[PDB]
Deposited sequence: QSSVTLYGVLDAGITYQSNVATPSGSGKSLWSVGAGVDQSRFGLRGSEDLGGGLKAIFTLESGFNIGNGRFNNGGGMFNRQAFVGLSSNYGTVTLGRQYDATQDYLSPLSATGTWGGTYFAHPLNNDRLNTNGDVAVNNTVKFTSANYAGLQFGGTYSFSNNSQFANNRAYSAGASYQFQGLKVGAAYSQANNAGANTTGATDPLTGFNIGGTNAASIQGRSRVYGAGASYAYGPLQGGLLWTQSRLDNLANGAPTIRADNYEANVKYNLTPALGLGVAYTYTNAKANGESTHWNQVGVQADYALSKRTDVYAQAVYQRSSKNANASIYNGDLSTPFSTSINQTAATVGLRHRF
């Protein structure tokens, strides 16, 4: 039947250099989501019989600092879908995440233990869900396990009289074998953000990616490459390596490094980001975390560690550092 769930993440974050309305740059202290975005949701599954089940998920994301909605402000701004699931496959209709989150995000640190501040610059590949990365009016298929091989795709309508006014589609697959995990996916959007009725909330946007991860005992490591492109021209490539080791069953330590190269009108911009996180689990539901991330950029641009808000100003320097200590609770 119906199940209520949620995760609450509240912590204090210090950012070293955030630009001011005046030309200067000052340190920013904030109370908000550190790793995961605070959310609450409803999920259910009704056994219709004959191997068929009706399924639904309604998930709403909010900021525990101010209590407001994020991801645009709708009711169920993260996920809202219903569909039928069989042993053949699952088809779901509604506001959902595309294949890049289904198959690429599990390989990245921002999609696992790292969360927000371990995201790639400006979340250009849309890997982290502490942002409006879901697409509206989406039809999604997810295949069966097929011996660890799972593939799926999504197609998103614009709900406007113009077909390509806000269309999006994606496809991906992943294979898991013991500790080894491999995945790849692709997503495309057409005129993303034009109208309110379309898939991408307010040219041609594309994301490519492939990566792998291995987990032997307490040690888990992974490497991933992603590319985000915008045409009709900006292009960016992200190269990430991440490692998490569980010293204690309750204590895990994670390190990640990302190099980002971007082509904005044919000239190169570079980002190098490194971050460390220690998380201690007080229980299955509650844990405490602490993390520090460092990013320095090339001299032709500035540094910005993604803090969940794209509107946050860049650093005045090529230097920015972010440190967070927080509490995370599930129910």
query: Deposited residues absent from the coordinates (by C-alpha); finding: 1-2, 205-219, 250-255
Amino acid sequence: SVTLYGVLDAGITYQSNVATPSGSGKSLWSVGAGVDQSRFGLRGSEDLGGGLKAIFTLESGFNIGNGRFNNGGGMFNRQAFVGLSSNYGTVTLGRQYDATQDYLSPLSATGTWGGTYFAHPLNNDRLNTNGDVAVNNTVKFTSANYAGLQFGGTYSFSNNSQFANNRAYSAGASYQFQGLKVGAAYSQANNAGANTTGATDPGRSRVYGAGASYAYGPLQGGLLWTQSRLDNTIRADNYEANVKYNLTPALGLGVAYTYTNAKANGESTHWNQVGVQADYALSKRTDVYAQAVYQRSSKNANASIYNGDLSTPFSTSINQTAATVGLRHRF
From here on, numbers count along this sequence of modelled residues.
| query | finding |
| --- | --- |
| Per the entry, higher mean C-alpha B factor between 81-89 and 172-180 | 172-180 |
| Mean Cα B-factor comparison, 125-133 or 237-245, giving the higher one as deposited | 237-245 |
| Criterion, highest CA B-factor; candidates, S22, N307, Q320, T13 | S22 |
| Most elevated Cα B-factor in the entry, residues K26, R43, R68, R285 | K26 |
| Among modelled residues of the same chain, the CA temperature factor third for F118 | lowest |
| Ranked against its chain, the third holding the CA B-factor of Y214 | highest |
| Lowest, middle or highest third - CA B-factor, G148 | highest |
| CA B-factor ranking of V207, expressed as a third of its chain | middle |
| Modelled-residue ranking by C-alpha temperature factor, third containing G72 | lowest |
